[PDB]
Amino acid sequence: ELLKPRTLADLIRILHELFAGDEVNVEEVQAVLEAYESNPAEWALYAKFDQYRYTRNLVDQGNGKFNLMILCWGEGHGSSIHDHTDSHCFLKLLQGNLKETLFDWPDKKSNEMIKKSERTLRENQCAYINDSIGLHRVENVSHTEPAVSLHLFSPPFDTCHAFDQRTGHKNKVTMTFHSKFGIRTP
Ligand SMILES: [Fe+3]
């Protein structure tokens, strides 16, 4: 029985219920994430930017079965082309816009990775990816506006692969945290 989250806090409580069991109802999770109306005051604590690249800010450690974080993207900041380590990944915009470009898993052949599609994710929208869908790149293409997104990963994971668009070659990356629970984590 899914209800609208009134606040980020409420959203988090609801996520603990949704992940109370062993399996994930993706459509239900995506629905509740979307239903949350971004309130900049509720997440300002987590919205820590860096001048040079996007930051990953842990919000909730979950119940062992998921994590929740906020990512902050300066003008022109973007990600690698990357996977998500056999986890569910949900992305909701809290501020600004992000361009998401989808790529297919590369063949063993060295080949230019060609964009399967792109979309503009706008404030409050919740997107979903998993490895069965493909790979993606996420970018703030704005010249004038920062972006902020809310991400849920289940199970949690701290490693992923980056892919070279020219070749499809992958490299294993360890993902870091800029902050945890509002506290900067050098
Ligand atoms: Fe991603």
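Residues numbered from 1 in each chain as written, not as in the entry; some residues may be left out. Heavy atoms only, no water. Residues with missing side-chain atoms left out of burial classes, pairs and counts.

In the annotation of the PDB entry, the chain is listed under the name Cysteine dioxygenase type 1 and assigned to Rattus norvegicus. Checking UniProt for the chain, the heading Catalytic activity contains the comment "L-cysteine + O2 = 3-sulfino-L-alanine + H(+)". If you open the UniProt record of the chain and go to Sequence similarities, you find "Belongs to the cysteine dioxygenase family." (UniProt positions renumbered as here; feature names shortened; annotations may be inferred.)

Asks: Can you walk me through the environment of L152 in this structure?
Replies: Here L152 lies in strand 9 (residues 147-154). Between the C-alpha atom of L152 and that of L102, which follows or precedes it by 50 residues, the distance is 18 Å. (Helix = DSSP H or I, 4+ residues; strand = E, 2+ residues; numbered from the N terminus.)

Asks: It is not clear to me how empty space enclosed by the protein should be interpreted in this structure. Could you clarify?
Replies: If you add up the space inside the largest cavity, you get close to 170 Å³. Lining the largest cavity are 20 residues; nearest its centre among them are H82, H84, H136, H151 and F153. (1 Å grid on protein atoms, 1.4 Å probe; cavity = no way out; pocket = protein on both sides within 12 Å on 5 of 7 lines; lining within 4 Å. Points joined across faces, edges and corners; volume = space filled by probe spheres on them.)

Asks: Explanation requested: the sheet that holds strand 13 (residues 183-184) in the structure shown.
Replies: In a beta sheet, neighbouring strands are held together by backbone hydrogen bonds and run either parallel or antiparallel to one another. What the 7 strands build is an open sheet, ordered 7-4-9-2-1-12-13; its pairing is mixed. Unpaired on one side and paired on the other, strand 7 (126-129) and strand 13 mark the two borders of the sheet. In this structure, strand 12 (residues 179-180) lies alongside strand 13, joined through 2 bridges in antiparallel fashion. Counterpart to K180 in the pairing with strand 13 is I183. Packed on one face of the sheet, helix 1 (residues 8-18) meets strand 1 (55-60), strand 2 (67-73) and strand 9 and runs near 70° to strand 1. (Pairing = 2+ DSSP bridges. Contact = heavy atoms within 4.5 Å. Axes fitted to C-alpha atoms, helices over the stretch in contact; angles between N-to-C directions.)

Asks: Which parts of the structure should I look at to understand the UniProt feature "binding site: Fe cation" in the chain?
Replies: Those places that UniProt annotates as "binding site: Fe cation" correspond, in this numbering, to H82, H84 and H136. Across 55 residues in sequence, these annotated residues keep their C-alpha atoms within 9.4 Å of one another, forming a single compact spot. For the largest cavity, the lining residues among the annotations just cited are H82, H84 and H136. One can find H82 in strand 3 (residues 81-82). Under the relative-accessibility criterion, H82 is labelled buried at 9%. At a separation of 2.9 Å, a polar atom in the side chain of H82 contacts the main-chain carbonyl oxygen of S80. Relative to the assigned elements, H84 resides in the loop between strand 3 and strand 4 (88-95). Those residues within four positions of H84 in sequence are excluded, and the remaining contacts are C89, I129, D131, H136, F153 and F157. (Buried < 20%, exposed > 50% of the residue type's maximum accessible area, 1.4 Å probe, protein only. Polar contact = N/O pair within 3.5 Å; in protein donor to acceptor, adjacent residues only side chain to side chain.)

Asks: What exactly am I supposed to notice about the pattern of salt bridges here?
Replies: Oppositely charged side chains may form a pair once their charged atoms are brought near each other. A full pass over the atoms with the stated rule returns 9 salt bridges. The salt bridge partner of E37 is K4, with a shortest N-O separation of 3.6 Å. With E37 in the loop between helix 2 (26-35) and helix 3 (40-43) and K4 in the segment before helix 1, the pair connects residues that are 33 residues apart, well separated along the chain. With relative accessibility at 48%, the residue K4 sits in the partly exposed group. Of the charged contacts in the structure, one is a salt bridge between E100 and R119, with a shortest N-O distance of 2.9 Å. A residue pair is termed long-range when its members are at least 10 positions apart, and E100 in strand 5 (residues 98-103) and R119 in strand 6 (residues 115-121) qualify at 19 residues. (Salt bridge = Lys/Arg side-chain N within 4 Å of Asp/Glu carboxyl O.)

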